[PDB]
Amino acid sequence: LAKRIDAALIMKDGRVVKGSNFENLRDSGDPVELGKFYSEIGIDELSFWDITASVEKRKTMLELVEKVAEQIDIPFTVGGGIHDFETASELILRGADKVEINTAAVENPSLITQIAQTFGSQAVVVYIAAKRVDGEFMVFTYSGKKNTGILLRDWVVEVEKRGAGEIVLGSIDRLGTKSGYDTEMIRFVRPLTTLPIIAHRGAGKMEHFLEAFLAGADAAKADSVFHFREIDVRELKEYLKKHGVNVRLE
């Protein structure tokens with residue numbers, strides 16, 4: 001397949017957290033308008049991650065999914081506190097193509113299988129946040145607050161066994177940096193799974209995306225570098241095509 005470029009949007013109370021610099025938009029903090037714009041200039045898939053306070057979270061997330069599905073024609077994923085099958089199910093039925101889970105999947109891996117039984121493996125994305133600890137890649141939950149003691153190597157294999165469709169590999173060792181994706185981690189994981197691997201954390205310039213695809217990533221996901229216009233999505237795709245990467249061009 002072609003290599004995918006994904007844009008992630010953090011959301012709270014129906015707004016893009018910290019907005020975006022796209023002066024041309026009516027509302028640069030409007031997740032729907034911004035995702036529609038990204039879909040027009042060349043992003044392949046969108047991810048939305050909600051951090052709304054529990055009282056309004058369920059209906060805020062369902063309303064977002066509904067508005068996005070009407071307005072955009074590329075696949076999109078929703079996540080943020082999805083803890084059970086009925087919550088994932090209503091978000092998929094309401095419009096999302098995929099649901100993203102992490103901590104809830106670590107604590108109950110059968111939740112992967114439960115969702116895949118009704119919506120297909122392709123509807124399940126498992127985010128794996130990993131960090132070096134004493135020379136081993138370990139899995140972390142609760143926004144990186146908890147070292148689970150589960151080896152990355154073992155969790156990847158279990159996630160595919162349980163029926164997940166894709167893995168987002170987020171390197172806590174690259175959080176808040178602009179040094180590049182964790183290509184050592186990507187090369188570690190690549191021989192362990194047949195599933196699509198989405199690289200996350202570390203992006204600072206176009207060349208980093210090339211490095212991630214040489215490391216075996218099937219997609220690369222970024223956020224602030226896009227929203228704050230440090231990297232132009234069309235220039236990135238032109239750059240990657242120029243140097244031999246198969247990406248989808250318009």
# chains A, B, ... in the order shown; residues from 1 in each chain; ligands from 1
call {"tool": "select_by_dssp", "arguments": {"residues": "range 9-238 of chain A", "states": "helix (DSSP H, G or I)", "output": "PyMOL selection string"}}
result
chain A and resi 31-41+54-71+85-93+103-107+110-119+121-123+152-161+172-174+183-192+206-214+224-227+233-238
call {"tool": "residues_around", "arguments": {"residues": "range 6-20 of chain A", "least_positions_apart": "5", "cutoff": "9 Å", "atoms": "only C-alpha atoms", "output": "ChimeraX atom specification"}}
result
/A:27-31,34-35,38,43-53,56-57,60-61,63-64,198,219-224,226-229
call {"tool": "residues_around", "arguments": {"residues": "range 107-122 of chain A", "least_positions_apart": "4", "cutoff": "9 Å", "atoms": "only C-alpha atoms", "output": "list in words"}}
result
residues 83, 84, 85, 86, 88, 89, 92, 97, 98, 101, 102, 103, 126, 158, 159, 161, 162, 163, 164, 165 and 166 of chain A
call {"tool": "write_last_selection", "arguments": {"atoms": "C-alpha atoms", "output": "PDB file, in the first residue's frame"}}
result
ATOM      1  CA  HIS A  83     -13.522   2.066  28.102  1.00  0.00           C
ATOM      2  CA  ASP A  84     -16.092  -0.469  26.860  1.00  0.00           C
ATOM      3  CA  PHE A  85     -17.784  -1.989  23.844  1.00  0.00           C
ATOM      4  CA  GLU A  86     -21.013  -0.008  24.017  1.00  0.00           C
ATOM      5  CA  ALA A  88     -16.992   2.206  20.945  1.00  0.00           C
ATOM      6  CA  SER A  89     -20.110   0.845  19.235  1.00  0.00           C
ATOM      7  CA  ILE A  92     -18.750   3.811  15.106  1.00  0.00           C
ATOM      8  CA  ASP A  97     -14.525   4.551  10.831  1.00  0.00           C
ATOM      9  CA  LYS A  98     -12.237   3.414  13.667  1.00  0.00           C
ATOM     10  CA  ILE A 101      -8.020   2.455  22.620  1.00  0.00           C
ATOM     11  CA  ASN A 102      -4.988   2.121  24.881  1.00  0.00           C
ATOM     12  CA  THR A 103      -5.347   1.810  28.644  1.00  0.00           C
ATOM     13  CA  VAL A 126      -4.495   0.198  19.512  1.00  0.00           C
ATOM     14  CA  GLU A 158      -0.908  -9.995  21.940  1.00  0.00           C
ATOM     15  CA  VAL A 159      -2.642  -7.014  20.319  1.00  0.00           C
ATOM     16  CA  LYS A 161      -3.610 -12.024  18.385  1.00  0.00           C
ATOM     17  CA  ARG A 162      -6.639 -10.313  19.938  1.00  0.00           C
ATOM     18  CA  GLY A 163      -7.733  -8.970  16.547  1.00  0.00           C
ATOM     19  CA  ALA A 164      -6.598  -5.349  16.353  1.00  0.00           C
ATOM     20  CA  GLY A 165      -6.382  -3.817  12.867  1.00  0.00           C
ATOM     21  CA  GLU A 166      -3.600  -1.245  13.315  1.00  0.00           C
TER      22      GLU A 166
END
call {"tool": "residues_around", "arguments": {"residues": "residue 150 in chain A", "least_positions_apart": "3", "cutoff": "12 Å", "atoms": "only C-alpha atoms", "output": "list in words"}}
result
residues 106, 107, 128, 129, 130, 131, 132, 133, 136, 137, 138, 139, 140, 141, 146, 147, 153, 154, 155, 156, 157 and 158 of chain A
call {"tool": "write_last_selection", "arguments": {"atoms": "N, CA, C and O atoms", "output": "short mmCIF file (atom, residue, chain, number, x, y, z; two decimals), in the first residue's frame"}}
result
data_model
loop_
_atom_site.label_atom_id
_atom_site.label_comp_id
_atom_site.auth_asym_id
_atom_site.auth_seq_id
_atom_site.Cartn_x
_atom_site.Cartn_y
_atom_site.Cartn_z
N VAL A 106 -5.12 -2.44 27.46
CA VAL A 106 -4.13 -3.06 28.32
C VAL A 106 -4.81 -3.76 29.49
O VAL A 106 -4.46 -4.89 29.85
N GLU A 107 -5.83 -3.13 30.07
CA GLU A 107 -6.48 -3.69 31.25
C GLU A 107 -7.46 -4.80 30.92
O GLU A 107 -7.75 -5.65 31.78
N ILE A 128 -0.11 2.14 21.37
CA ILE A 128 0.88 1.60 22.30
C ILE A 128 1.88 2.70 22.59
O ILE A 128 2.66 3.08 21.71
N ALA A 129 1.85 3.23 23.81
CA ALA A 129 2.85 4.19 24.28
C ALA A 129 3.98 3.43 24.97
O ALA A 129 3.73 2.67 25.91
N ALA A 130 5.21 3.61 24.48
CA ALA A 130 6.34 2.83 24.96
C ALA A 130 7.52 3.75 25.27
O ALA A 130 7.66 4.83 24.69
N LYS A 131 8.37 3.28 26.19
CA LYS A 131 9.46 4.07 26.73
C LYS A 131 10.58 3.12 27.14
O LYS A 131 10.31 1.99 27.57
N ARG A 132 11.82 3.57 26.99
CA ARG A 132 12.95 2.77 27.44
C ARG A 132 13.03 2.80 28.96
O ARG A 132 12.98 3.87 29.58
N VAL A 133 13.14 1.62 29.57
CA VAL A 133 13.35 1.52 31.02
C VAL A 133 14.40 0.43 31.26
O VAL A 133 14.15 -0.74 30.97
N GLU A 136 15.03 -1.80 28.21
CA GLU A 136 13.95 -2.52 27.57
C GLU A 136 12.82 -1.56 27.22
O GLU A 136 12.55 -0.61 27.96
N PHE A 137 12.15 -1.84 26.11
CA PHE A 137 10.96 -1.09 25.74
C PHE A 137 9.78 -1.58 26.57
O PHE A 137 9.37 -2.74 26.43
N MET A 138 9.22 -0.71 27.41
CA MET A 138 8.10 -1.05 28.27
C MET A 138 6.86 -0.27 27.83
O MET A 138 6.96 0.84 27.31
N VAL A 139 5.69 -0.88 28.09
CA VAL A 139 4.39 -0.28 27.76
C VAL A 139 3.93 0.57 28.95
O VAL A 139 4.08 0.15 30.10
N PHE A 140 3.43 1.77 28.66
CA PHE A 140 2.91 2.68 29.67
C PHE A 140 1.44 3.01 29.39
O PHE A 140 1.04 3.21 28.24
N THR A 141 0.66 3.11 30.46
CA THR A 141 -0.75 3.49 30.40
C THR A 141 -0.98 4.74 31.23
O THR A 141 -0.07 5.24 31.87
N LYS A 146 1.85 5.33 34.18
CA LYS A 146 2.01 4.00 34.77
C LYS A 146 2.88 3.11 33.90
O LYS A 146 2.52 2.79 32.76
N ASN A 147 4.02 2.68 34.45
CA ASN A 147 4.80 1.61 33.85
C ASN A 147 4.08 0.30 34.15
O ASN A 147 4.03 -0.13 35.31
N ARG A 153 7.51 -5.90 23.18
CA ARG A 153 7.55 -7.08 22.32
C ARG A 153 6.36 -7.98 22.56
O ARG A 153 5.73 -8.47 21.62
N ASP A 154 6.02 -8.19 23.84
CA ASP A 154 4.91 -9.09 24.18
C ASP A 154 3.55 -8.45 23.89
O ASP A 154 2.61 -9.14 23.47
N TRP A 155 3.41 -7.15 24.14
CA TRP A 155 2.11 -6.52 23.94
C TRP A 155 1.74 -6.44 22.46
O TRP A 155 0.59 -6.69 22.08
N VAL A 156 2.71 -6.10 21.60
CA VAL A 156 2.47 -6.06 20.16
C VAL A 156 1.91 -7.39 19.68
O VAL A 156 0.88 -7.45 18.99
N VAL A 157 2.56 -8.50 20.07
CA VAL A 157 2.12 -9.81 19.63
C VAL A 157 0.72 -10.10 20.14
O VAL A 157 -0.12 -10.65 19.41
N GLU A 158 0.42 -9.71 21.39
CA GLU A 158 -0.91 -10.00 21.94
C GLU A 158 -1.99 -9.15 21.27
O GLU A 158 -3.12 -9.61 21.07
#
call {"tool": "closest_residue", "arguments": {"among": "A:96, A:62, A:210, A:195", "to": "residue 123 in chain A", "atoms": "only C-alpha atoms"}}
result
A:96
call {"tool": "residues_around", "arguments": {"residues": "residue 231 in chain A", "least_positions_apart": "6", "cutoff": "9 Å", "atoms": "only C-alpha atoms", "output": "ChimeraX atom specification"}}
result
/A:204-206,225
call {"tool": "write_last_selection", "arguments": {"atoms": "C-alpha atoms", "output": "PDB file, in the first residue's frame"}}
result
ATOM      1  CA  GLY A 204       9.968  18.173  13.459  1.00  0.00           C
ATOM      2  CA  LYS A 205      10.725  18.300   9.729  1.00  0.00           C
ATOM      3  CA  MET A 206       9.901  16.547   6.465  1.00  0.00           C
ATOM      4  CA  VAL A 225       3.890  20.527  13.278  1.00  0.00           C
TER       5      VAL A 225
END
call {"tool": "select_by_dssp", "arguments": {"residues": "range 15-75 of chain A", "states": "strand (DSSP E)", "output": "mmCIF file with N, CA, C and O atoms, in the first residue's frame"}}
result
data_model
loop_
_atom_site.group_PDB
_atom_site.id
_atom_site.type_symbol
_atom_site.label_atom_id
_atom_site.label_comp_id
_atom_site.auth_asym_id
_atom_site.auth_seq_id
_atom_site.Cartn_x
_atom_site.Cartn_y
_atom_site.Cartn_z
ATOM 1 N N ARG A 15 -13.681 21.990 20.783
ATOM 2 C CA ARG A 15 -12.657 22.891 20.260
ATOM 3 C C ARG A 15 -11.332 22.159 20.092
ATOM 4 O O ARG A 15 -11.020 21.229 20.843
ATOM 5 N N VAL A 16 -10.543 22.598 19.116
ATOM 6 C CA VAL A 16 -9.175 22.112 18.957
ATOM 7 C C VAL A 16 -8.309 22.767 20.024
ATOM 8 O O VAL A 16 -8.184 23.997 20.068
ATOM 9 N N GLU A 45 -5.638 10.332 6.547
ATOM 10 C CA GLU A 45 -6.611 9.973 7.571
ATOM 11 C C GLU A 45 -6.501 10.967 8.713
ATOM 12 O O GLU A 45 -5.443 11.560 8.945
ATOM 13 N N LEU A 46 -7.611 11.140 9.435
ATOM 14 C CA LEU A 46 -7.655 12.017 10.593
ATOM 15 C C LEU A 46 -7.830 11.200 11.861
ATOM 16 O O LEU A 46 -8.476 10.150 11.850
ATOM 17 N N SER A 47 -7.260 11.693 12.958
ATOM 18 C CA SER A 47 -7.501 11.137 14.286
ATOM 19 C C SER A 47 -7.978 12.262 15.184
ATOM 20 O O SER A 47 -7.391 13.345 15.165
ATOM 21 N N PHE A 48 -9.031 12.007 15.965
ATOM 22 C CA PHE A 48 -9.551 12.954 16.947
ATOM 23 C C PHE A 48 -9.462 12.335 18.338
ATOM 24 O O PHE A 48 -9.912 11.205 18.548
ATOM 25 N N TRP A 49 -8.904 13.081 19.289
ATOM 26 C CA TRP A 49 -8.694 12.604 20.652
ATOM 27 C C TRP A 49 -9.332 13.601 21.613
ATOM 28 O O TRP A 49 -8.903 14.756 21.680
ATOM 29 N N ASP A 50 -10.368 13.160 22.338
ATOM 30 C CA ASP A 50 -11.179 14.043 23.164
ATOM 31 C C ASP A 50 -10.769 13.969 24.625
ATOM 32 O O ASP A 50 -10.602 12.878 25.189
#
call {"tool": "atom_distance", "arguments": {"atom1": "CA of residue 82 in chain A", "atom2": "CA of residue 199 in chain A"}}
result
21.1 Å
call {"tool": "residues_around", "arguments": {"residues": "residue 94 in chain A", "least_positions_apart": "3", "cutoff": "7 Å", "atoms": "only C-alpha atoms", "output": "list in words"}}
result
residues 62, 65, 66, 90 and 91 of chain A
call {"tool": "write_last_selection", "arguments": {"atoms": "N, CA and C atoms", "output": "short mmCIF file (atom, residue, chain, number, x, y, z; two decimals), in the first residue's frame"}}
result
data_model
loop_
_atom_site.label_atom_id
_atom_site.label_comp_id
_atom_site.auth_asym_id
_atom_site.auth_seq_id
_atom_site.Cartn_x
_atom_site.Cartn_y
_atom_site.Cartn_z
N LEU A 62 -19.99 12.10 20.58
CA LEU A 62 -20.93 11.62 19.58
C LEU A 62 -21.31 12.73 18.60
N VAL A 65 -18.34 13.21 16.13
CA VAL A 65 -18.30 12.14 15.14
C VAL A 65 -19.32 12.40 14.04
N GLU A 66 -20.53 12.78 14.44
CA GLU A 66 -21.61 13.03 13.49
C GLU A 66 -21.29 14.19 12.56
N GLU A 90 -21.32 2.89 19.81
CA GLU A 90 -22.10 4.05 19.44
C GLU A 90 -21.30 5.05 18.65
N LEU A 91 -20.00 5.12 18.89
CA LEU A 91 -19.19 6.08 18.13
C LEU A 91 -18.98 5.63 16.69
#
call {"tool": "closest_atom_pairs", "arguments": {"of": "range 108-191 of chain A", "to": "range 67-81 of chain A", "cutoff": "10 Å", "atoms": "only C-alpha atoms", "output": "CSV"}}
result
residue,atom,partner,partner_atom,distance
A:123,CA,A:77,CA,8.5
A:124,CA,A:77,CA,9.1
A:125,CA,A:77,CA,8.1
A:127,CA,A:79,CA,9.7
A:142,CA,A:81,CA,10.0
call {"tool": "residues_around", "arguments": {"residues": "residue 244 in chain A", "least_positions_apart": "4", "cutoff": "12 Å", "atoms": "only C-alpha atoms", "output": "ChimeraX atom specification"}}
result
/A:2-3,210,213-214,237-240
call {"tool": "write_last_selection", "arguments": {"atoms": "C-alpha atoms", "output": "mmCIF file, in the first residue's frame"}}
result
data_model
loop_
_atom_site.group_PDB
_atom_site.id
_atom_site.type_symbol
_atom_site.label_atom_id
_atom_site.label_comp_id
_atom_site.auth_asym_id
_atom_site.auth_seq_id
_atom_site.Cartn_x
_atom_site.Cartn_y
_atom_site.Cartn_z
ATOM 1 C CA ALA A 2 0.915 3.646 -0.220
ATOM 2 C CA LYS A 3 2.432 5.211 2.885
ATOM 3 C CA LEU A 210 11.251 9.725 5.233
ATOM 4 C CA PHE A 213 9.108 5.050 6.388
ATOM 5 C CA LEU A 214 12.612 3.675 5.873
ATOM 6 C CA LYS A 237 4.010 14.694 0.198
ATOM 7 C CA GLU A 238 5.924 16.231 -2.724
ATOM 8 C CA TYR A 239 9.157 15.796 -0.778
ATOM 9 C CA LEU A 240 8.426 12.157 0.045
#
call {"tool": "atom_distance", "arguments": {"atom1": "CA of residue 148 in chain A", "atom2": "CA of residue 175 in chain A"}}
result
18.6 Å
call {"tool": "atom_distance", "arguments": {"atom1": "CA of residue 180 in chain A", "atom2": "CA of residue 217 in chain A"}}
result
13.3 Å
call {"tool": "decode", "arguments": {"residues": "range 71-97 of chain A", "atoms": "N, CA and C atoms", "output": "tab-separated table (two decimals), in the first residue's frame"}}
result
chain	number	residue	atom	x	y	z
A	71	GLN	N	-19.04	15.86	6.82
A	71	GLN	CA	-18.25	16.91	6.17
A	71	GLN	C	-16.98	16.41	5.49
A	72	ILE	N	-16.48	15.24	5.84
A	72	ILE	CA	-15.20	14.77	5.31
A	72	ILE	C	-15.38	13.41	4.65
A	73	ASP	N	-14.55	13.14	3.64
A	73	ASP	CA	-14.63	11.92	2.84
A	73	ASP	C	-13.34	11.10	2.90
A	74	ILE	N	-12.59	11.22	3.99
A	74	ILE	CA	-11.44	10.35	4.23
A	74	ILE	C	-11.68	9.64	5.55
A	75	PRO	N	-10.99	8.52	5.79
A	75	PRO	CA	-11.25	7.76	7.03
A	75	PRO	C	-10.82	8.55	8.26
A	76	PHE	N	-11.53	8.35	9.37
A	76	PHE	CA	-11.12	9.01	10.60
A	76	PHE	C	-11.37	8.12	11.81
A	77	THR	N	-10.57	8.36	12.84
A	77	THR	CA	-10.53	7.60	14.08
A	77	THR	C	-10.88	8.54	15.22
A	78	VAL	N	-11.60	8.01	16.21
A	78	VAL	CA	-11.98	8.77	17.40
A	78	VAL	C	-11.49	7.99	18.61
A	79	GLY	N	-11.00	8.70	19.62
A	79	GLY	CA	-10.57	8.07	20.85
A	79	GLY	C	-10.51	9.09	21.97
A	80	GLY	N	-10.12	8.61	23.15
A	80	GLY	CA	-10.11	9.43	24.34
A	80	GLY	C	-11.07	8.88	25.37
A	81	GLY	N	-10.57	8.02	26.26
A	81	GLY	CA	-11.41	7.48	27.31
A	81	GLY	C	-12.45	6.47	26.88
A	82	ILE	N	-12.23	5.77	25.77
A	82	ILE	CA	-13.13	4.70	25.36
A	82	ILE	C	-12.82	3.48	26.23
A	83	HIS	N	-13.76	3.09	27.09
A	83	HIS	CA	-13.52	2.07	28.10
A	83	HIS	C	-14.27	0.76	27.88
A	84	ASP	N	-15.26	0.72	26.98
A	84	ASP	CA	-16.09	-0.47	26.86
A	84	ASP	C	-16.64	-0.57	25.45
A	85	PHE	N	-17.26	-1.71	25.18
A	85	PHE	CA	-17.78	-1.99	23.84
A	85	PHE	C	-18.95	-1.07	23.49
A	86	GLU	N	-19.87	-0.83	24.42
A	86	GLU	CA	-21.01	-0.01	24.02
A	86	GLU	C	-20.59	1.42	23.68
A	87	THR	N	-19.54	1.95	24.31
A	87	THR	CA	-19.08	3.29	23.95
A	87	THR	C	-18.43	3.30	22.57
A	88	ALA	N	-17.57	2.31	22.28
A	88	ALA	CA	-16.99	2.21	20.94
A	88	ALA	C	-18.08	2.01	19.89
A	89	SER	N	-19.07	1.17	20.20
A	89	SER	CA	-20.11	0.85	19.23
A	89	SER	C	-20.91	2.08	18.85
A	90	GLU	N	-21.32	2.89	19.81
A	90	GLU	CA	-22.10	4.05	19.44
A	90	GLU	C	-21.30	5.05	18.65
A	91	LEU	N	-20.00	5.12	18.89
A	91	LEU	CA	-19.19	6.08	18.13
A	91	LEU	C	-18.98	5.63	16.69
A	92	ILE	N	-18.86	4.32	16.47
A	92	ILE	CA	-18.75	3.81	15.11
A	92	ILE	C	-20.09	3.95	14.38
A	93	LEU	N	-21.18	3.56	15.03
A	93	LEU	CA	-22.49	3.68	14.38
A	93	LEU	C	-22.81	5.14	14.06
A	94	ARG	N	-22.34	6.07	14.88
A	94	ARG	CA	-22.61	7.48	14.67
A	94	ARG	C	-21.77	8.09	13.54
A	95	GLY	N	-20.72	7.41	13.06
A	95	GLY	CA	-19.98	7.93	11.93
A	95	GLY	C	-18.49	7.60	11.86
A	96	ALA	N	-17.87	7.29	12.99
A	96	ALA	CA	-16.42	7.06	12.96
A	96	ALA	C	-16.10	5.77	12.21
A	97	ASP	N	-14.98	5.76	11.50
A	97	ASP	CA	-14.52	4.55	10.83
A	97	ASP	C	-13.77	3.63	11.76
